[PDB]
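>
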Amino acid sequence: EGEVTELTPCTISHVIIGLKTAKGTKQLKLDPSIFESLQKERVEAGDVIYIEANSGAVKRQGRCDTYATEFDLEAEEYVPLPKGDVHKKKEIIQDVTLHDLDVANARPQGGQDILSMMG
Amino acid sequence: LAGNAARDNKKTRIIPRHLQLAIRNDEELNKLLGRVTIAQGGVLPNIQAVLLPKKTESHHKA
Amino acid sequence: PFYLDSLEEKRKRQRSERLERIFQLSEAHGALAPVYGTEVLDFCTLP
Amino acid sequence: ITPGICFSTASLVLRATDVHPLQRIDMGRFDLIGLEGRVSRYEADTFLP
Amino acid sequence: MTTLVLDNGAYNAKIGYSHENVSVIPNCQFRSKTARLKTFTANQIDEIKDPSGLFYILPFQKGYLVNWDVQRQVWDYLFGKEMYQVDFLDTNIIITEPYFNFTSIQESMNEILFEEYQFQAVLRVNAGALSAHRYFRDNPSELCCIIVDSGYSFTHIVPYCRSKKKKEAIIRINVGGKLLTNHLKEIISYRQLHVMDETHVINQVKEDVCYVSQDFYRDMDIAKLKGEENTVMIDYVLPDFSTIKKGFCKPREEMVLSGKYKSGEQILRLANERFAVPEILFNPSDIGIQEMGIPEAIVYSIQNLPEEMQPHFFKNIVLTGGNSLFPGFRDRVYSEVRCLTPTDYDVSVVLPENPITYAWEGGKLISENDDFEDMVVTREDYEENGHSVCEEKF
Amino acid sequence: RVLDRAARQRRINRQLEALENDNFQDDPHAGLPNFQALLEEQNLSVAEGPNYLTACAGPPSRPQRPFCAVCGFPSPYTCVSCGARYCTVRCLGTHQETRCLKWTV
Ligand SMILES: Nc1ncnc2c1ncn2[C@@H]1O[C@H](COP(=O)(O)OP(=O)(O)OP(=O)(O)O)[C@@H](O)[C@H]1O
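Top to bottom, those sequences are chains G, S, L, Y, E and D. With the deposited numbering as the guide, the letters of the first sequence map in order to residues 132 to 141, 153 to 261. All residue numbers for the second sequence refer to the deposited numbering, where the first residue is 65 and numbers rise by one. All residue numbers for the third sequence refer to the deposited numbering, where the first residue is 1883 and numbers rise by one. All residue numbers for the fourth sequence refer to the deposited numbering, where the first residue is 917 and numbers rise by one. All residue numbers for the fifth sequence refer to the deposited numbering, where the first residue is 1 and numbers rise by one. With the deposited numbering as the guide, the letters of the sixth sequence map in order to residues 17 to 49, 83 to 154.
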C-alpha cells in the first residue's frame, strides 16, 4: 500500500511500480500479467492503491492527500497517505464455512462473451 | 418601518432619523418620497471598519 | 569505496524473502487438479 | 418520458462493508469451477508432478 | 597567536578572533528619523534608544555584495579601529562567500580584501564547506553530508565528501529569511497594524512566535475558531520604546479574546501567519514563488549519479543556517524527507546547537588544526600571480 | 469587467520583488542626508553550467495550496477581478474594498 509514484512498463516483460508511504518508498516488479488490471483501474503516479501479492487484486483508493486542491473543483476522494510500512505482511487466521466454499465453487466467474449475466 | 428601525437602533421614541432610514430603505416608499426631504434627517451611512485592516497608528512613539 | 554492510545484508534478506514468496505462490497456484480438465469436455462435447 | 428518475441515497459506509484486503482469506486456493476451462487434465496429472 | 575567523552573512557578520569570539555582529548600517544624520555602523545600533523606523543600508542584494560601502565601513570599524586590530600577519582572517562568484565580487582584490590585514593563507571559502568540515570533525566515520544552509538570502542544499563540493547537484531555492521577514511584514500590515515600514521588530515576531506546524491543515482547522490551544491569537505586544524596548507574546493567562486590552496597546492579531510563514520553506509556490521546498530539494539530490553514495548522503543531513532553528523545523524536514526516501535507506537529520555560528566554528577548527602551510594564498602571491592564485585555491 | 492575465502576473512579480526589498519596503526616505555595482555585476553576463541560473530548484510536484489572500485561511473560491482567492463572502468584500482592478494590495 502507498501512493503510486511511477509506472515504467518494461510483449511487456514487466512493469515497475513505486509505492510511497509515510515510512518510505519501495519499487516492485509487478508481474506484467496484472498490467491489465493496473490499466483497468486507470491508476498512475499520485494515486493511493492496494495490491495483493497472491493474485494481484489492485484496488484504487483514490488520489493522494497532498494532490488535493490541484483543481479547486474535482470529483475525487483524496484518501490520506498510508502511515505504515508499504510492505504489509500480516497473517489472517480467519475461518470460513464449507457451504461458503461450495457456493463460491457453484457458479463460474467472468464476462467472456455474455457470461456477464452472472452479476 | 419606523418602529422596526427604532427597535434595531435600540430606541423607544421614533425620530426623524428612523423616518429617513425607513423611507430610504424601502424600494417603493423612496420612489414615492424621492423629492421629499426631512428635517433633522440623514442619508444612509457607511461603515468605518474598513479603516482597521488597512492602516492604523504604528508603534512609533506610541 | 562507498559500501554499507547493513544495506547489503538487508537487501540479501529481502531477496531471500522474495524468492521464498514467489516459490510459495507458485506452489499454491498449481496444487488444485481440475474435475474434468479440458480434453474430457472436448471429448464429450459433441458438435 | 418522466424526468423524475427515482434517486435512492445512502452513505458510503453501506458499500465499504465488504472491503478489507488484509482481513479476507484468499479463496483462489479452493476454487474448482475456474479450473474447468483453463487447466487441463494432463497438466495436473502428468506434467506438474 | 592572534588568528582571526570571519563570516560575512548578509543578515549578520559572525566574526572575531579564533579565541571563541563567536559574538554575533549585524552586517549593515542603520538610519532613522530619531537618528536624523547619524548613520550607525554594525553594532552601533545599540546606541539607538528608539530603533523605530530604522532604514537599512545593507551591502547585499539577494545574498550578493553590492555597493561595497556598508561592508567597507563595517570592516574598518570592527577590524580596523576598535574591536579588532589590523596586521599583516597576526589576524589570520578567513572569509565566507556565496557558492558562486565572479571576477568583480571578490576576486579582484587590489587593495580590497588584500588590505593591511594579510597572512599566508587567506581563505575566502563558502560557509557550507566550513560547516561540512566541522561536521566531519565531530563525525569522523561519515563519508559525505548534505548541508542545508538556511541563511538570510538562500537555503542552499550542498553535498560534500569531506572536502569536495558536489557542485553538479546543489540547489538554492529563492525562499530565504529576507522573503520570510518581508512576507510577514506585508501579511501583518495588510490585515492590521500597518507596520510594514521596518525590517526591524517585526523580525522579532519572525523569531519570537514563529514555528513550523507539524500538521499545517490541523493547526489551521484549530485556528479557524477563536479561543483554542494552538494560540493563533498570539497577542504580541508591539514595543513603543517608551515603556518597553522589545515586544513579546503575552502569557496565555493575560489573553483578552475581545482584543479590548485596557492597556492601550494595539493587539488585534487573529490570523495564522505565526505558523503559515515558517511553512513557506517546506511548500513554496503557495505565496507565488514557483520553486521546490527544501525537503523536495534534499530528495531531488537523488540526481547524484552514484547509487552507493545516496544511502551515505541521506544519513548526514545537516540543518544549519539561522532559519533552520524554528520550533518544529527539524522534525518537519525529517518527516518530509523520510517518506520520500526509499524505505530501505536510512535517514538521519542533525541540527547544530548554534546553526548560525556553526560556520564560524568550522572556520575556527580549520584555523587551529591546519591550513597554515598548505592551501595558502598570500598578497605576495597575489602580487605575483594576480587573480590566478585566488581562483586556483578557490 | 474582468482583468487580463498580464496584469495578474505583473502584480505577482512586483509583490515577489517587494518581498526582497530590504532597505525600505514602501517609503525609503527615512532621511536623505568602494561603490561596487548591483547584482548586475554577474546578472549582466550570466554564465552557463553550474551557477545561480541552473541552481534553481524548478516547479514543485505538490499542487499550490488554495489559501485566502485576506485572512490566510483555505479559500475554495477565486475572485474574478484578479484571481486572488478568498474564503467567505466577508473575505470577498474586504478584498474588493482593498484589492480590485484598481488596487493591488
Ligand atoms: N531565534 C530565532 N528564531 C527564528 N529565526 C531566527 C532566530 N535567530 C535568527 N533567525 C533567522 O536567521 C537568519 C540569519 O541567517 P544567517 O545570518 O545565518 O544567514 P547568512 O549566513 O547571512 O546567509 P547568506 O550568507 O546567504 O546571506 C535571520 O534572517 C533570522 O530571521
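The beta-carbon is built from N, C-alpha and C at its ideal position, and this holds for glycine as well.
So which of E:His194, E:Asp235, E:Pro327 has the shortest CA-CA distance to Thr120 of chain S?
E:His194
> Scan the stretch 110 to 121 of chain S for residues whose Cβ lies nearer than 8 Å to a Cβ of chain D and list them as they occur along the chain.
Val114, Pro117, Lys118
> Which one of S:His123, S:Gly106, S:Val114 has the shortest CA to CA distance from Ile87 of chain S?
S:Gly106
> Comparing the C-beta of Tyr192 of chain G with each C-beta of chain Y, is any distance below 8 Å?
yes
> If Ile57 of chain E and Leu180 of chain E are in contact, beta carbons under 8 Å, what's the gap, nearest whole angstrom?
At roughly 21 Å, the Cβ-Cβ gap does not stay under 8 Å, so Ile57 of chain E and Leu180 of chain E are not in contact.
> Within 8 Å, do at least three Cβ pairs link the stretch 123 to 137 of chain E to the stretch 34 to 50 of chain E?
no
> According to DSSP, is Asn89 of chain S helix, strand or coil?
It is helical.
> Is it buried or exposed for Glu186 of chain E, if we count other Cβ within 10 angstroms and need 16 for buried?
buried
> To the nearest angstrom, how far is the alpha carbon of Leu37 of chain E from that of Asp43 of chain D?
Computed Cα separation, rounded: 17 Å.
> Under the rule that 16 or more other beta-carbon atoms within 10 Å means buried, what is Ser367 of chain E, buried or exposed?
buried
> Can you check the stretch 292 to 368 of chain E for any beta strand (DSSP E) of at least 3 residues that lies completely inside it and give the ranges in chain order?
317 to 320
> Is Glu90 of chain D close to chain S? Criterion is C-beta to C-beta, closer than 8 Å.
no
> For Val114 of chain S and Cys149 of chain D, I'd like the C-alpha separation in whole angstroms.
15 Å
> Should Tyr300 of chain E go down as buried or exposed, given a rule of 16 or more other Cβ atoms within 10 Å for buried?
Buried, by the Cβ-count rule.
> Considering only DSSP beta bridges, list what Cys145 of chain E is partnered with.
Answer by DSSP bridge pairing, in chain order: E:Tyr160.
> So, is the C-beta of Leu225 of chain E closer than 8 Å to a C-beta in chain L?
Chain L contact via Cβ: absent.
> Alpha helix (DSSP H) containing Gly226 of chain G: first to last residue?
Run containing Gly226 of chain G: none; DSSP gives neither H nor E here.
> Who pairs with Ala13 of chain E in a beta bridge, going by DSSP?
Beta-bridge pairing by DSSP links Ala13 of chain E to E:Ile25.
> Buried or exposed: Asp197 of chain E, going by 16 or more other Cβ atoms within 10 Å of its Cβ?
buried
> When every heavy atom of ligand 1 is checked, does at least one fall within less than 7 Å of the C-beta of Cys390 of chain E?
no
> List the endpoints of the continuous alpha helix (DSSP H) containing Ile1904 of chain L.
1887 to 1911
> Are there 16 or more other CB atoms within 10 angstroms of the CB of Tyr209 of chain G, so buried, or fewer, so exposed?
buried
> Excluding five sequence neighbours on each side, which residues of the same chain lie with their C-beta closer than 6 Å to the C-beta of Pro352 of chain E?
Excluding residues within five positions, the ones whose Cβ falls inside 6 Å are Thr320, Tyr358.
> Could you list the residues in the stretch 173 to 205 of chain G with a C-beta less than 8 Å from some C-beta on chain L, going in chain order?
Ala195, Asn196
> In chain D, which residues lie with their C-beta within 9 Å of the C-beta of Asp197 of chain E?
Counting only Cβ-Cβ distances below 9 Å, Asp197 of chain E has contacts in chain D at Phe40, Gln41, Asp42, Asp43, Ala46, in chain order.
> Under 8 Å: do the stretch 213 to 222 of chain E and the stretch 247 to 262 of chain E share three or more Cβ pairs, one atom per stretch?
no
> Between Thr153 of chain D and chain S, is the shortest Cβ-Cβ distance under 8 Å, so that the two count as touching?
no
> Since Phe136 of chain E is in the beta strand (DSSP E), which residue starts that stretch and which ends it?
First-last for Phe136 of chain E: 127 to 138, but that is the alpha helix (DSSP H), not the beta strand (DSSP E).
> Please list the terminal residues of the continuous alpha helix (DSSP H) segment that includes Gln145 of chain D.
138 to 145
> So, does the CB of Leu143 of chain E fall closer than 8 Å to a CB anywhere in chain L?
yes
> Thinking just about the alpha-carbon of each residue, which of G:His241, G:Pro222, G:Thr153, G:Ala217 is nearest to the one in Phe177 of chain G?
G:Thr153
> For a contact meaning CB atoms closer than 7 Å, what does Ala164 of chain G contact in chain E?
The answer, in chain order, is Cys339.
> Out of E:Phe55, E:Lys33, E:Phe60, point me to the one whose CA is closest to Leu88 of chain D's CA.
E:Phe60
> Name, going along the chain, the residues of the stretch 294 to 325 of chain E whose beta-carbon falls closer than 8 Å to a beta-carbon of chain B.
Structure shown: chain B not included; protein chains present are G, S, L, Y, E and D.
> For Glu134 of chain G, name the three-state secondary structure that DSSP assigns.
strand
> Does the stretch 259 to 275 of chain E touch the stretch 111 to 130 of chain D, meaning 3 or more C-beta pairs lie closer than 8 Å?
In short, these stretches touch, since the Cβ pair count reaches three.
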